[PDB]
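Examination of the molecular architecture
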Amino acid sequence: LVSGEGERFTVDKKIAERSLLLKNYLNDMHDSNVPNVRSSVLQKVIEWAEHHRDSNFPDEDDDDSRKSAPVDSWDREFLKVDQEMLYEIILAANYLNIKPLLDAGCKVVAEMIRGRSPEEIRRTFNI
Amino acid sequence: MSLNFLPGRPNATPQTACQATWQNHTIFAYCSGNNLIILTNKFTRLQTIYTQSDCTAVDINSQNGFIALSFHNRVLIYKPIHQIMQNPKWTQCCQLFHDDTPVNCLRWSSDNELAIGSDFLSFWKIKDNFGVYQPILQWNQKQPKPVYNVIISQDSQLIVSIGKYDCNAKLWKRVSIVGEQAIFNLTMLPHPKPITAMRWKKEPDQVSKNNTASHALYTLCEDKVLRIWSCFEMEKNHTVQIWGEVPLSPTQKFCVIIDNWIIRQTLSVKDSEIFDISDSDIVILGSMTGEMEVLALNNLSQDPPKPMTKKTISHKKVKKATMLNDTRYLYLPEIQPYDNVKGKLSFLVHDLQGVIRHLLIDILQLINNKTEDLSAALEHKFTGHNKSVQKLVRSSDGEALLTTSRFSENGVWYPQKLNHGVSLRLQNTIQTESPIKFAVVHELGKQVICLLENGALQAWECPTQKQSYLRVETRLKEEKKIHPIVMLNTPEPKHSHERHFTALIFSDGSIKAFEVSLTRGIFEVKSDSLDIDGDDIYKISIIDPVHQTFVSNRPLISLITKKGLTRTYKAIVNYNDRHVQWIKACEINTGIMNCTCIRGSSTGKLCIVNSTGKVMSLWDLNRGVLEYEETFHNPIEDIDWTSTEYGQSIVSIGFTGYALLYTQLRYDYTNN
């Protein structure tokens, strides 16, 4: 439920049910019956889940949605904190099968890389 | 490269700077304290000459490129070590000493002739033996008072002097036709007010005979009146009469002259047809407001007498930096063409506030009657630090610099973007009771915090005059067992400008986290001491971006120990708790035990010079892997890392006299 490298957190909550992996691996259906994620990025993911605890997403049933839309500004600033850690945050959101964080991370990193091209550098950095 | 110099603050002497067109190399020279500064090739190269005395005046020989430099009761003459070459260089060649009077003003003339006026207006020549250049005091005479300004023409017209606040210019013509000990004939040239400036007209084509008339003399009287005095040989019968008058309007405060020489060298025959003013020289009258009027004289140099008059050409107006920065006086060395760059005139300004300005006015635009505002653009600016720089401290936003010395002459500068690269611009001076051992700049330079070797932590506000108003101060106990080694501005978890929690690293641990602020006094914070890694910090180096990034999550100090156990430590602090915590963000164990230099970037890179100092090792902090290793024939004196919000990291490895710049190169899939 928490990374072994000194990682701990709330064992379960409405937030932890946000991860579709934990929808089955969090003792879900206990009557009928995390290792990989790095500690810091685990903290970051649970922070995002807690923040959006009071939100709703169309999940994979968004069809035309789930993409081709601007990302939430708070998510933009929250994820835009480290270039090297964003890829492993995307990987964590992938392993936990959490679609919204995956989509947000991909949007943010795509815009970072697009904005690092020399044309965009000159058009937005110095000009 | 676009390398801009700051050679040294110029003096306030009228002749403290002179531009000169020796062989069209357009030399420039000026005096700065105990130094002479000579800028040779389009001001892209510099030569400085050190003399143990304040330099009074400097002048340059147009004919042969010799420099005459006044100081104390003597003068020095320097000559191009090689008379012709693409990269000229000056070396000491001769000495001049006449009496015990400081040489207040000095100039140069044809064939090694000098008018070295101190209080007596000594006249000399130096060019003998097989290259001894032994001088000959061909004349000597006394004056009513020390010479504030002198001028010398070529040939018979000889010399003129004024003296400070003088209302009559002593013209001394070369009275004697022959003989080394020539006696000079006097004339008074009364003026209605003290002379503000003066200069001879130019006519180098008359050489080598030099026997020519119409040596007109320009002289500005204190009564806002420019005056042109006619001159002729006429068996020495001419002249002490004013040939033309030009009263400046009350708005006008400054005046300058562009000789027919420059116009003839710049404008082509087809272009000369309009406005068709090539028959005489040009005069530009400007005001502090920027507005200026340019006019052309009528037959100002005609050999037969002519009815000289002022004929207007254009009414221009350039920005503030194009005319004057609200200075008390301006000394404007002769405007000359910028070498072979046709159509450009190297206008210079001496602001008497530590700054010389080089403008490169475009003549065709200047005389354009149907023209808009002036197009002059700041090309170079020359200044310098007062005494010396012991260290340079950079604001992490990179927009402010603090120059610190062994003395209290500390300065706060800001980078300034010129038309030619970038140059620094002194904005404030941080007066201190004692040398600053460490410091950190904030608020885009408007607030400064410093720690003195005396142990006092002082906080200044620099909102504007150049005065820096000390707003807060406190002192330490100076236990003389542990000592500070760096000051880290631990960012607050949130962007906060009210207070700047500065951490003093007292060698092994003991982080004195003062909650320094200006609106409220300095404080103290207990938490916390980091792992000193052996009770002795070995060559800690700060980590800082050089761009306006507000991120608080960042490693601040890349500590290292003689065992090579480098460790980058993050900074976390709580304002409410009044305590700070040190977190080891990375602990890459380096393979080098003793390191000459260490530094790291915002992007998780790191650089270490070995103990020998001749090998540079570039390491990745996010992987602990040596990415690069190079061997240099010379020791690595320093290292410094830039960055940008786009990860454009660059590392400058500063060697003895030159600095290499290295940048990351993409890993090539199908190559080495």
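Okay, so let's go over this structure.

**Describing the overall build of chain A**
A tally of regular secondary structure across chain A gives six helices and zero strands. When the helices and strands of chain A are listed from N to C terminus, the series reads α-α-α-α-α-α. The principal-axis extents of the C-alpha atoms in chain A amount to approximately 60 × 35 × 20 Å.

**Structural notes on the overall build of chain B**
On a plain count of helices and strands, chain B comes out with three helices and 51 strands. With respect to the three principal axes, the spread of C-alpha positions in chain B is 90 × 60 × 55 Å.

**Describing the packing of aromatic side chains**
Residues and elements named next belong to chain B. Relative to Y338, the ring of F43 lies with its centre 6.2 Å away and its plane at 45 degrees, an arrangement referred to as tilted. Taken together, the residues span a long stretch of sequence, with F43 in the loop between β3 (35–39) and β4 (46–50) and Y338 in the loop between β24 (336–337) and β25 (344–346) at a distance of 295 residues. On the basis of an interplanar angle of 45 degrees and a centroid distance of 5.9 Å, the ring pair of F66 and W108 is categorised as tilted. Note that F66 is positioned in the loop between β5 (55–60) and β6 (67–71) and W108 in the loop between β8 (90–96) and β9 (113–117), a separation of 42 residues in sequence. Three or more aromatic residues joined by ring pairs form one cluster here, namely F28, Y30, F43, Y338 and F382.

**Section: the side chain of B:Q336**
Residues and elements named next belong to chain B. Here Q336 lies in strand β24. Within the structure, the side chain of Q336 is placed 2.4 Å from the side chain of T21, a separation counted as a polar contact. Beyond its immediate stretch of four places on either side in the chain, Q336 contacts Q19, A20, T21, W261, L345 and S346.

**Details of the pattern of salt bridges**
For A:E120, the salt bridge is made with A:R123, and the minimal N-O distance between the two is 3.0 Å. Taken as a pair, A:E120 and A:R123 lie in helix α6 (residues 118–126) at a separation of three residues, close to a single helical turn. Notably, a salt bridge pairs B:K125 with B:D111, separated by 3.0 Å at the nearest N-O pair. Note that B:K125 is positioned in strand β10 (residues 121–126) and B:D111 in the loop between β8 and β9, a separation of 14 residues in sequence.

**Points about the packing of helix α2 (residues 39–51) of chain A against helix α4 (residues 83–95) of chain A**
Residues and elements named next belong to chain A. As a packed pair, α2 and α4 sit with axes 10 Å apart at the nearest point and diverge in direction by 65 degrees. Between α2 and α4, the angle is such that the two are roughly perpendicular. Judged by the sense of rotation from one axis to the other, the crossing of α2 with α4 is right-handed. Contacts between α2 and α4 pair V41, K44 and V45 from the former with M85, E88, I89 and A92 from the latter. A per-class count over the contact of α2 with α4 returns five nonpolar, no polar and two charged.

**Looking at the side chain of B:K381**
Residue and element names in this part refer to chain B. Position of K381 among the secondary structure elements: in strand β29 (residues 380–382). Among the polar contacts made by the side chain of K381, one reaches the side chain of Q416 at a distance of 2.6 Å. Once residues within four sequence positions are removed from consideration, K381 is found in contact with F5, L6, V355, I356, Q416, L418, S423, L424 and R425.

**What about α4(A)?**
Residue and element names in this part refer to chain A. Between its first and last C-alpha atoms α4 spans 19 Å; for 13 residues at 1.5 Å apiece the expected length is 18 Å, and the two agree. Its side-chain oxygen placed 2.8 Å from the backbone nitrogen of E84, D82 serves as the N-cap of α4. The first or second residue beyond α4 is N97, which carries a positive phi of 55 degrees.

**Some points on unusual backbone geometry**
All names here are of chain B. With omega at 5 degrees, the peptide bond leading from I274 into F275 counts as cis. Mapped onto the elements, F275 comes out in the loop between α2 (269–272) and β21 (282–286). Each neighbour pair has its own omega, and for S527 with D528 the value is 0 degrees, a cis peptide bond. Mapping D528 onto the fold places it in the loop between β40 (511–517) and β41 (541–542). Despite not being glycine, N210 has its phi angle at roughly 75 degrees, a positive value.

**Details of the sheet that holds strand β50 (residues 650–654) of chain B**
Two pairing modes exist for strands in a sheet, parallel and antiparallel, and in both the strands are linked by backbone hydrogen bonds. Residue and element names in this part refer to chain B. Strand order in the open sheet formed by three strands is β49-β50-β51, with antiparallel pairing between adjacent strands. Only two strands of the sheet have a single neighbouring strand rather than two, namely β49 (638–641) and β51 (659–663). Shown here is a sheet whose adjacent strand axes are inclined to one another by a mean of 20 degrees, direction ignored. Across four bridges, β49 lies against β50 in antiparallel orientation. Note on β50: the bridge partner recorded for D638 is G654.

**Regarding the sheet that holds strand β45 (residues 595–600) of chain B**
All names here are of chain B. With antiparallel pairing, the four strands of this open sheet are ordered in space as β45-β46-β47-β48. Each end of this open sheet is capped by a strand with a single partner; those strands are β45 and β48 (626–631). Pairs of neighbouring strands in the sheet enclose a mean axial angle of 15 degrees, with direction left out of account. The sheet contact formed by strand β47 (residues 615–620) and β48 spans five bridges and is antiparallel. Paired with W619 across the two strands is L626, which belongs to β48.

**What about the packing of α4(A) against helix α5 (residues 99–115) of chain A?**
Residue and element names in this part refer to chain A. At their nearest, the axes of α4 and α5 sit 9 Å apart, and the two run at 155 degrees to each other. Between α4 and α5, the crossing angle belongs to the class labelled roughly antiparallel. Classified by chirality, the crossing of α5 by α4 is left-handed. Across from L86, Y87, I89, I90, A93 and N94 in α4, the residues of α5 making contact are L101, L102, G105, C106, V108, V109, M112 and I113.

Criteria and cut-off values
- Residues numbered from 1 in each chain as written, not as in the entry; some residues may be left out.
- Chains lettered and ligands numbered in written order.
- Part of a larger assembly, values for the part shown.
- Heavy atoms only, no water.
- Residues with missing side-chain atoms left out of burial classes, pairs and counts.
- Helix = DSSP H or I, 4+ residues; strand = E, 2+ residues; numbered from the N terminus.
- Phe/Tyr/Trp six-rings, centres within 6.5 Å; stacked < 30°, edge-to-face > 60°.
- Polar contact = N/O pair within 3.5 Å; in protein donor to acceptor, adjacent residues only side chain to side chain.
- Contact = heavy atoms within 4.5 Å.
- Salt bridge = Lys/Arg side-chain N within 4 Å of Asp/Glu carboxyl O.
- Axes fitted to C-alpha atoms, helices over the stretch in contact; angles between N-to-C directions.
- Parallel < 35°, antiparallel > 145°, perpendicular 65-115°, else oblique.
- Left-handed = near helix turned anticlockwise from the far one by under 90°.
- Nonpolar A, V, L, I, M, F, W, Y, C, P; charged D, E, K, R; others polar.
- Expected span 1.5 Å × (residues − 1).
- Pairing = 2+ DSSP bridges.

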